Amino acid sequence: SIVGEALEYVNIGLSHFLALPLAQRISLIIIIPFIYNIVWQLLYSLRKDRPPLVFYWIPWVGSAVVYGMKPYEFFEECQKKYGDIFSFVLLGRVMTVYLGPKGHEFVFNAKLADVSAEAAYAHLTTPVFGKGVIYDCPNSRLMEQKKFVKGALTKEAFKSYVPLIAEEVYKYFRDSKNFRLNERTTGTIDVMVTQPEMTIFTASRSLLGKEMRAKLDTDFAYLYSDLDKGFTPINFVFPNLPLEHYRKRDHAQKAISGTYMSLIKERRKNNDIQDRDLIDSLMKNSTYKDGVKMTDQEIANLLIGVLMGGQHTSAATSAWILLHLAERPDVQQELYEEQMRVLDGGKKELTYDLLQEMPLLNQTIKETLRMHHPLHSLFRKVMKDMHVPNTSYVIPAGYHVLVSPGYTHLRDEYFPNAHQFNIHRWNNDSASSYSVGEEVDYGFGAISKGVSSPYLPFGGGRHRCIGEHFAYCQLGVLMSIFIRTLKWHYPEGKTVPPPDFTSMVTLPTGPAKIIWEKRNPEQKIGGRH
Ligand code: HEM
Ligand SMILES: O[C@@](Cc1ccccc1Cl)(Cn1cncn1)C1(Cl)CC1
């Protein structure tokens with residue numbers, strides 16, 4: 001009765017292992033984790049308290065490639081095989097996806113102690129925006145920062161922003177090489193060139209003020225480009241590897257936040273604090289409820305985060321609006337008639353109030369956001385084991401949950417003929433979003449308590465967007481002027497481009513070109529240039 005002999009051979013086998021030729025160790029270096037990964041999944045599949053896990057060949061990497069390149073096609077296939085709740089491995093992480101409205105509820109309305117946004121996102125945003133704000137701070141601090149920013153995003157502020165945004169659009173039509181409407185009556189543009197520029201010019205002028213706008217006419221503008229490059233999914237995996245891309249980013253954040261702090265300190269020095277912009281607003285209103293004041297640095301960092309977030313979602317969206325309308329001269333025509341009726345043939349100056357009397361224009365924004373949600377996936381890190389209602393599934397702490405309202409936007413069950421661009425599906429329902437019942441306030445205003453709406457472009461719950469009305473104002477003004485000034489169409493045999501899902505938002509694959517022409521060839525834009 002000797003297992004002793006077998007124990008000796010374990011030890012012997014171990015020493016013979018360590019003495020294998022390098023070619024075989026390297027081999028086993030790869031064979032043993034590859035094999036282990038596969039038997040681990042098979043064992044995992046037997047667990048009744050876990051959602052089904054998408055099978056993958058490469059350890060650590062997981063389904064990263066197919067998810068990264070075609071997330072909605074990935075979800076649809078998984079949904080057919082497994083149903084609405086399933087997990088997949090992503091660059092060392094386990095992601096649990098809950099599709100559909102119940103998914104929205106599970107994640108967006110999750111208890112504060114159950115999940116963490118900042119633990120999922122801080123590595124992406126903190127290097128770009130700076131310390132102490134958004135996700136580099138406790139949730140309670142984020143809630144109040146959202147309250148401070150929302151305090152400058154009032155109806156009165158929008159009434160004052162509309163003519164400023166309009167001035168910037170007209171200036172861009174007058175001065176930009178992409179247009180020059182006083183010199184040229186037709187031309188070709190890449191919308192992924194023009195919309196980022198139009199977006200930063202309009203958002204700078206209105207949210208940051210004339211000083212910060214004026215700086216964009218200089219070499220300073222290049223820092224925004226640099227800071228922009230740092231805003232990339234690569235930050236999720238390699239947040240800080242010592243390359244030049246990362247240094248240009250870090251430098252830009254310092255230079256840009258330094259510029260904002262210079263203005264802030266100048267205004268306080270001169271008692272020059274009015275109600276012009278978001279800077280005036282945060283200077284007057286940025287004291288937390290425990291009495292700590294945001295620092296000038298944190299105020300500047302919060303300005304960067306707000307401008308940068310709004311930059312990418314808005315620019316992507318007006319690009320998509322232009323691209324869907326380029327093959328729909330019927331929609332351009334209908335929008336143009338609305339412009340003529342609401343603005344008395346163009347005799348009335350556009351105001352924020354008249355924007356609210358443009359339902360087809362607003363429905364066009366609404367429908368573009370349905371077909372092209374800028375953020376295909378939203379994430380939380382699971383902090384406490386979560387039971388999935390009406391199942392035996394438990395999502396353990398350390399997992400991440402993923403929700404995708406943009407996926408549901410594209411399902412025929414909730415939006416008939418979902419892959420058809422049709423602004424009239426929103427007839428008599430042109431509001432950017434609408435709360436169908438009870439409300440709750442997490443610290444930045446009363447918002448919808450339920451988050452089961454199949455249309456959820458602005459998310460929901462404590463992390464819900466506060467930029468929605470600014471975006472509609474900005475997009476509204478911009479598109480109102482595009483429509484009254486130009487017609488546009490595709491180059492021969494071109495059509496709406498497929499989305500690029502790998503960038504930070506779901507951009508059109510470029511170059512995405514349209515041909516514009518002036519509705520009034522002789523019309524001139526005044527002002528000095
Ligand atoms: C078409 C335009 C936009 C869309 C579709 C959009 C979408 C969203 C979504 C889905 C969220 C929820 C994020 C999550 O749950 O993880 C969000 C949050 C947020 N957005 Fe927007 N957004 C847009 C424009 C803007 C603009 C213009 C601003 C600022 C001016 C802005 C600022 C914010 C802020 C501060 C949050 C809160 C993040 C948090 O609490 O964790 N967004 N947005
Ligand atoms: O939600 C964000 C972050 C985010 C979340 C999910 C996917 C991509 C990004 Cl960039 C993106 N965004 C949402 N609205 C405006 N920007 C921030 Cl920057 C916090 C607000």
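Every number in this text was worked out from the coordinates using simple rules, so none of it is lab data. Methodologically, a virtual Cβ is constructed for each residue, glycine included, from the backbone with ideal geometry; neighbour enumeration extends over all protein chains shown.
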Checklist entry - Given C-alpha coordinates of region 5-95, what is the ratio Rg to Rh with the Kirkwood estimate of Rh? => result 1.16
Checklist entry - For region 243-398, what is the Kirkwood estimate of the hydrodynamic radius, computed as the reciprocal of the mean inverse distance between distinct Cα atoms, to one decimal in Å? => result 20.7
Checklist entry - Roughly how large, in nm² to one decimal, is the mean projection of the convex hull of the alpha-carbon atoms in region 183-320? => result 11.6
Next on the checklist: Could you work out how much longer the chain between residue 387 and residue 222 gets when fully extended? Use 0.36 nm per residue separation minus the Cα distance between them, nm to one decimal.
Outcome noted: 54.6 nm
Item to check | Length released on extending from residue 397 to residue 109, taking residue separation times 0.36 nm less the Cα-Cα span | outcome: 102.0 nm
Checklist outcome for this item: Extend 7 Å from the Cα of residue 76 along its Cα-to-C-beta direction; within region 495-523, residues with backbone N under 13 Å of that point are 499
Checklist outcome for this item: Among 308, 195, 481, the residue whose Cα sits farthest towards the positive end of the charge dipole of the chain (+1 at Cβ of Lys and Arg, -1 at Cβ of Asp and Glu, taken about the Cα centre) is 308
Checklist entry - Rounded to the nearest 500, what is the chain's calculated 222 nm mean residue ellipticity when only DSSP H runs of at least 4 contribute -39500 (n - 2.57) each, over all residues? => result -15500 deg cm²/dmol
Checklist entry - Say the dipole of region 403-459 comes from +1 at the beta carbon of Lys and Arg and -1 at that of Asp and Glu; which of 442, 459, 417 then lies farthest toward its positive end? => result 417
Checklist entry - Arranged from highest to lowest average of other beta-carbon atoms within 10 Å per residue, in what order do the peptides 362-372, 14-24 appear? => result 362-372, 14-24
Checklist entry - Which percent of Cα pairs goes in each bin when the distances of region 47-124 are cut into 5 angstrom slices starting at zero? => result 3, 13, 21, 25, 22, 12, 3
Next on the checklist: Just to confirm a number: summing +1 for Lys and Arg and -1 for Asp and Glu over residues other than residue 155 whose beta-carbon lies under 14 angstrom from that of residue 155, what do you get?
Outcome noted: -2
Checklist outcome for this item: For the chain, whose charge dipole is built from +1 on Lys and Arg Cβ atoms and -1 on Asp and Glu Cβ atoms, the candidate among 257, 512, 82 with its Cα farthest towards the positive end is 257
Item to check | Where N is the number of residues in region 100-185, Cα Rg divided by 2.2 N^0.38 Å | outcome: 1.70
Next on the checklist: Can you tell me the convex hull volume per residue for region 474-529, based on C-alpha atoms, in Å³ to the nearest whole number?
Outcome noted: 152
Checklist entry - What fraction of the DSSP beta bridges in the chain is antiparallel, stated in percent and rounded to the nearest 5? => result 85
Checklist entry - Can you pull the Kirkwood radius for the chain, inverse mean 1/r over Cα pairs, to one decimal in Å? => result 25.4
Checklist entry - Which links in 159/289; 147/215; 70/366; 131/289 stretch past 25 Å when you go from one Cα to the other? => result 159/289; 147/215
